[PDB]
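To begin, one chain is listed below as structure tokens, in the form deposited in one PDB entry.
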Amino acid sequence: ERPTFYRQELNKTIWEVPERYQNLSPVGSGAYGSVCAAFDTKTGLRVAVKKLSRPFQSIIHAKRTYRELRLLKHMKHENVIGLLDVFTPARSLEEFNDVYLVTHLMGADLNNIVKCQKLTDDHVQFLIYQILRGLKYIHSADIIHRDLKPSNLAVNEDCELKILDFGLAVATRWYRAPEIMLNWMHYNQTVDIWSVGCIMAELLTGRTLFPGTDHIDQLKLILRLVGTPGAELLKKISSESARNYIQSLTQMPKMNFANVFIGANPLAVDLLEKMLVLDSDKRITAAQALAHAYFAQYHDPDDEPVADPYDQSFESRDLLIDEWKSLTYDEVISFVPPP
């Protein structure tokens, strides 16, 4: 039946969780939610418990809540966050006002690793391999992460990496594809490969590749490496004023990456070239990057799985808060823990 719950206040926040979850201490807080570390007595594992903030107080919050539960319930991959539990104190839908999501506790992110050691090439290989493996899986479900950066990549003592979203309220713009910042209205998956490129570069050199101070600086820093748009790419911009603006800048040539990333594995350099192309249609995909000779030690085409079909049709619906709430509630109730 239903577990026995208990109540406590942590930081002017009520946490009402099943008894199984003990030793709650706050680790993160913000507009989106708050998180406590906890011990799961049933399994012996340390867990993160995320309580959504105001999950049904607005239409946008209500859809986000549903969006996040659905996505997390779907992700079943070693290199992506998985859901251990989801629960509510509510005994009925008419009572339903709070949602808590439980996953493995992940205390260290890739950002921590990159500050605190200079990585071997085998170390870069393993980490980048695992990011592309999770992304291949995420991209197969027609999900775009949009915010890949070191602080959204958990890494454990054993160097095993999981993609998630740690955010609850390392500038995002440093890792962002040039078209996101251009407000290109219809961008795609390949934006995530730009980010992987930036993270891989930083793993090789130990420093941010493009530490822009704003969006304009960001773009300048990008063009110094990859060059001003060519003829073919200028064609894919139908705006004349954009083209004339770009043509009126000091033209930057493309740098040879092998000349920039000095002393990196030539294979890593070649892979980087394929990731950090301005024209997103030319970027290497996650599935393709996995088969690149840089990962010969890791690649197994038979252990790089794709997602089950993911029904995302809700994204295009405009619904009432209590419709989003009832749907979220169906998802809480139907949840089956992993073994």
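A residue's number is simply how far along the shown sequence it sits, counting from 1. We call the rigid core the largest set of C-alpha positions that still match within 1.5 Å between the two forms.
Compared against other deposited entries of this protein, residue 74 counts as consistently modelled, with coordinates in all of those that resolve the residues around it and thus below the third mark. In the other compared entries of this protein that model both flanking residues, residue 111 has coordinates in every one, well short of a third left out.
Missing deposited residues between residue 169 and residue 170: 10 or more, all without coordinates in the entry. Mean CA temperature factor is higher for 172-180 when stretches 140-148 and 172-180 are set side by side in the entry. In this entry, 299-307 has the higher mean Cα B-factor, the comparison being between 299-307 and 63-71. You'll see in the entry that, of 128, 233, 222, 163, the Cα B factor peaks at 233. Comparing C-alpha B-factors across 257, 194, 210, 187 in the deposited entry, the largest value falls on 187. Remark: residue 85 belongs to the lowest third of its chain, ranked by C-alpha B-factor as recorded. Remark: residue 317 belongs to the middle third of its chain, ranked by C-alpha B-factor as recorded. In the deposited entry, the Cα temperature factor of residue 47 places it in the middle third of its chain's modelled residues. In this PDB entry, residue 275 carries a Cα temperature factor that places it within the middle third of its chain's modelled residues. Looking at the C-alpha B-factors along this chain, the one for residue 19 belongs to the middle third.
Keep in mind that the form deposited in another entry is not shown, yet the notes after this line are about it.
Residue shifts between the shown form and the other one, rigid core superposed: of 146, 254, 76, 243, the only C-alpha displaced by 2 Å or more belongs to 243.
Once both forms are fitted on their core, a CA shift of 2 Å or more is seen for residue 11 between the shown form and the other one.
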